[PDB]
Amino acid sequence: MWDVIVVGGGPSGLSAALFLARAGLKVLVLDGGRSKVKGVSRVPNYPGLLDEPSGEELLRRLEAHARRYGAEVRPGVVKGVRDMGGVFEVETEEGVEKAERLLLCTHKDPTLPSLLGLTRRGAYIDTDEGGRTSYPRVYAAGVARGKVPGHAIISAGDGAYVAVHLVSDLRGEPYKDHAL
């Protein structure tokens, strides 16, 4: 079982996983390997990354960062999602995984949003300021919820933003992941 299952392992999904894991949650990221940044030979505008790595390298570092604090990042394509009342069942080609909350960081792909009958805002998933969709316990972040035009740093920032508010809901208090 999982506290949260993040669908999509691009900047928003991996950033979300990092914050969720650091909050001590059991988080699993299922990614289909079609991040829009994967083919970039050199990302020159991710504030702070002065070596300007390729999109492929950036993804590797983001996955490492999330795994570093407990997140599990696995390749997989979600094709089914069933609400079983209290737990969501997510299905890939490899099998089924269960989570109480789902966070969609699926970029522009309307597949899963349509499966859940999520309310839309134009071509994107409709959400409140914090990323909560029209479906209870289902969240969205990054390009998936309209943070466009899409850029790596913007999606990463939103993934963390939504994750922080997801954690805040669970702890009933404004959650901050700060360090000395």
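Numbers for residues come from their place in the sequence shown, where the first is 1.
- If you average the C-alpha B-factors over 121-129 and over 55-63, the higher value belongs to 121-129.
- For the pair 10-18 and 160-168, the mean B factor over Cα atoms is greater in 160-168.
- Remark: of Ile153, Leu28, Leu112, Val37, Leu112 shows the highest value [criterion: C-alpha B-factor in the PDB entry].
- Of the residues listed, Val96, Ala71, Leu103, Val78, the entry assigns the biggest Cα temperature factor to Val96.
- Sorting the modelled residues of the chain by their CA temperature factor places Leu116 in the highest third.
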